[PDB]
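A short worksheet on the structure shown next.
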Amino acid sequence: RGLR
Amino acid sequence: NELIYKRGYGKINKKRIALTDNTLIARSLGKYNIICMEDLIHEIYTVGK
Amino acid sequence: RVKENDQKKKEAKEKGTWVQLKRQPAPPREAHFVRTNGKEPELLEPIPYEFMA
Amino acid sequence: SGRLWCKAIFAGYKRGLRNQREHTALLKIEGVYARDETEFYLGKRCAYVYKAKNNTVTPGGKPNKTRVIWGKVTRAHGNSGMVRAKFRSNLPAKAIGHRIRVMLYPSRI
Amino acid sequence: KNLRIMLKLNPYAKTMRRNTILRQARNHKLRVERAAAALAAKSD
Amino acid sequence: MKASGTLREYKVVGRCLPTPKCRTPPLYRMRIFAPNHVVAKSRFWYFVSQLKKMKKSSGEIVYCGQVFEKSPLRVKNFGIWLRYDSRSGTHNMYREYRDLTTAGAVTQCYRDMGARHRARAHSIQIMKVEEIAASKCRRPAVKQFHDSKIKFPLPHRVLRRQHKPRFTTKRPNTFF
Amino acid sequence: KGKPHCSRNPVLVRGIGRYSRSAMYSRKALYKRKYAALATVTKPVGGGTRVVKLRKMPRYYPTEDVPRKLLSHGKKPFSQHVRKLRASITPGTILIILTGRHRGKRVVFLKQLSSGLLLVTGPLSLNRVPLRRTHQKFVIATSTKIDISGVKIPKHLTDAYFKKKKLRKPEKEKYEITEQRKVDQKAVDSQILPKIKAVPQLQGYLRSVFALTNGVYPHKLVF
Amino acid sequence: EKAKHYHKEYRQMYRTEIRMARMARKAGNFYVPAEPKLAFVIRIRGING
RNA sequence: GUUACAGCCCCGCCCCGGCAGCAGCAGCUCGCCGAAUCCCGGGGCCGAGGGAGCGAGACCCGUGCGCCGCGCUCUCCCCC
RNA sequence: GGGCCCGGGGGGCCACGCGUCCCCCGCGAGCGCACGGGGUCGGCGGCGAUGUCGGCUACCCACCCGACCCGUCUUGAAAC
RNA sequence: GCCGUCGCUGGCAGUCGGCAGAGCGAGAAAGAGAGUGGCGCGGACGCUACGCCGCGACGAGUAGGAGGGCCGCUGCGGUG
Ligand SMILES: [Mg+2]
Ligand SMILES: [Mg+2]
Ligand SMILES: [Mg+2]
Ligand SMILES: [Mg+2]
Ligand SMILES: [Mg+2]
Ligand SMILES: [Mg+2]
Ligand SMILES: [Mg+2]
Ligand SMILES: [Mg+2]
């Protein structure tokens, strides 16, 4: 989620 | 190192399987937390549990 | 050994610890220091032959 | 014009004392009498050249009686400049002590 | 002998080798720099 | 022990394994001339066994290390005291050698004891090695090099390059 | 769409970059570069129109067919192979040809063509070897060099220029030196030849032929 | 990361033994290292007799 | 006989007296090694297997470079 | 030295959203290169109808190495 | 590399196609579950299942035992  | 890398074969289902993939080690010895060639080299070299 | 094993197994269980129970073969001796105490090691030499016949 | 190959002698086959491995030939090359002088020749082409009765085609030429078995030097042999050579067909035993040509190609210098 | 085969087994081999290549090149330069300084000092 | 190659001098320190009776056993040392250290330790246990109630099982090697020559660039005379077994007895010998390293003099001893007495290295026990001054040497072969103005030619110099060329037009010359 | 940028990871060795993953991440600014989630042709006909099938099914099927191959990698066509060259073969180097009708003739290296074959010239007036292709494995590179750094070789002298043109026989058919080839021979020779004559006795060297004689062994002598 | 950790572990083991011996020598004593725990065995003789 | 018109060895103080260098391209005066090790090149033998799929999907019927491992570039903007 | 190489005051990291409570102090798209699940060229040359091309084995001959005559009884047979 | 044997008492009935939807090799038990409320008409081979396919190890042999012979001979019933 953070990567996106 | 060189022994297990060049000439390392696992005994998997009573067969001689070249250790060309980490999954080969993980499936058989994963329950002992040996899941890669480095874990296999570490267990042998330090005479782990 | 069985009696000793069971007691350690029982006693350790109530104390929440893992103790060794299985015997083991004698291990190679671990690293250590040998003090010289300021004394040079004694020099040894082979003795000459003698016909003590 | 002039010679463009080195003079070699077909000394014999690869062997122990009582076993003969005809697929490998031992070549003695003129002027090469140490194992360290054979390095120039490794991988060079070799040619057993001979004559027969019936005419045969010649590449780039018209039929004549010349014939050749090609081979190449594969490795040194011993301490005294001998080299092992392999040919497309095993050399005939009648060729022992006779000329083998060693070419200057494939050139590595 | 096959780099990409070693990384499929031990991905950290790539880091190790890169460090060695850089450390060895860095170490080689110093030995050259230290040599030139001494040679010029001898010339003096 | 096989006197393979040039021997080396080793300093080997061992002792009895500590026990409740003697918590600190005494240390023993030996000068061992051997090809490698694995041989050096083996011969130590063979010598101390002969002198003490000790052996590899009931003892340990505290230190094994090579003793380097202290003046490798200086000529010295060595006196070697040794005992060896012949086909029909045991004998003590004193021999002298001229060399630069003490281990070289010992290697000369094994090759010499083999040459002059057919003595295999397993029958030779080097007891003592000392560096000896030119005035204290006994062997005439060694003393003749104690000459400040030594000089001598090299007569009849044999041709050693006898196969390069193998066939030649001129005969060799032995005078130079 | 953005313009391509040169790889920010300079090659340390084959397969290994100079910079690690996190070093490259900063270099590429990936911290701020975040992202989140016909077969028929209709025609008129004199029904009015027909839906035409672009590709038609086979009209014949062989009794048996071979299966497909398993996929491999690293097997490039010849045109995509990387061309290598011996460090001893630099432009202007004098090479000895070992094969062909011109064997034993000493020639001048000009450049390596895109197929890895070498371009050489006699020059034609010294040994009768024209602008010709040759294979590097079949020459001996000498230590004798001339500086052709200032020579302009035509750019149309490519592998396709020198490729043989097939001749059909039903008597024979003879190769004919095209006029363009002769013009190119003089264009290149007129520059290289004066450079040859600067070096004393060099022209005579290029007229001579190499040969092995009594007691001369290739492994012993420098070229 | 397991390999990165073993690399550090091997280095510490290698450096530790050297450091132990240096301090024994400094004090005039002898450091006796641990008897090896691991062996590689090779068969060098045939199967006849 | 004891440094003199050559030299050799030992010991104290001189920071282990100071400087290169360092198991030495004085390419051999003496070792053991490489998680404390990487790069490059040469010769020789060999090429067994043959449907591995990828992505579009029930709003699509494509394409046979496809797995895993390792990279690069684009979906930001500048400079040389 | 060990403590994710404790804590305070030039060079590599398989660090890189954030709302927070707080120990402590579940899908981005593509594109490309390959040391990546066993070889391909999207690379070429020469010769060919009356004397030349291919034909392992087979017919004859030569050479090099190997090689004692079978069956049998037998501890043991080429066996005088 | 190739031949055979032994072992995995291994895999394949899933050729489930326009009444369609392509997977079950993957370190770590059990569902590519079911529902209730808040343009083209196309898609290789296979499977004598006593068949086909994969992987690993192995291979001396008298006396003797066993298996398999699309080895061979003569006659009978069927079949060609
Ligand atoms: Mg025997
Ligand atoms: Mg014979
Ligand atoms: Mg005979
Ligand atoms: Mg009988
Ligand atoms: Mg009898
Ligand atoms: Mg008989
Ligand atoms: Mg008889
Ligand atoms: Mg059998």
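The figures that follow rest on heavy atoms only: side chains count, while hydrogens, waters and symmetry mates do not. So you know, we letter chains A, B, ... as the sequences are listed, proteins then strands, and number each from 1.
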North or south sugar at I:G50 (positive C1'-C2'-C3'-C4' torsion counts as north): south
cation_pi(G:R83, G:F78) dist<6.0 Å, angle<=45: yes
Which nucleotide in J:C13, I:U63, I:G42 has an atom nearest any side-chain atom of E:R18: J:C13
Shortest side-chain distance from B:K15, nucleotide among J:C41, K:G54, I:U75: K:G54
Whole angstrom value for the distance that separates P of I:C67 from CG of G:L70: 15 Å
Options I:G44, J:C53, J:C14, nucleotide nearest the side-chain atoms of D:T56: J:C53
Distance test, side-chain N/O of G:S72 to OP1/OP2 of J:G39, below 4.0 Å: no
Donor/acceptor link under 3.5 angstrom from B:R27 side chain onto base of K:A28: no
Gap between atoms CZ and P, on G:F78 and J:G45 respectively (whole Å): 12 Å
Six-ring stack, J:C4 vs J:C5, 5.5 Å / 30 deg cutoffs: no
Rounded distance in Å - NE2 (G:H73) to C1' (I:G64): 17 Å
Verify stack between D:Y13 ring and J:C64 base, 5.5 Å, 30 degrees: no
Closest nucleotide among J:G37, K:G40, I:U37 to the G:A39 side chain: K:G40
From K:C39, J:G36, J:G26, nucleotide with atom closest to A:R1 side chain: J:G26
Phosphate OP1/OP2 of J:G12 contacted by E:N19 side-chain N/O (<4.0 Å): no
Side chain G:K32 and base I:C76 donor-acceptor under 3.5 Å: yes
Which nucleotide in I:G44, I:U73, I:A35 has an atom nearest any side-chain atom of H:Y10: I:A35
Sugar conformation, K:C53 - torsion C1'-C2'-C3'-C4' sign: north
Syn/anti state for J:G26 [syn: chi within 90° of 0]: syn
Selection from J:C41, K:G56, I:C70 that lies nearest to any side-chain heavy atom of G:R21: I:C70
Near-ring test E:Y12/H:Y6, centroid separation under 6.0 angstrom: no
Of the listed nucleotides J:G36, K:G27, K:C8, the one nearest the side chain of E:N2: J:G36
Stacked pair K:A26-K:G27 by ring centres under 5.5 Å and planes under 30°: no
Options K:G40, I:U73, K:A44, nucleotide nearest the side-chain atoms of G:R8: I:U73
Intrastrand stacking K:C39, K:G40, 5.5 Å centres and 30° planes: yes
Carboxylate-amine/guanidinium contact F:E131 F:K70, below 4.0 Å: no
Residue G:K75, side-chain atoms from C-beta onward, closest of I:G47, J:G42, I:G71: I:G47
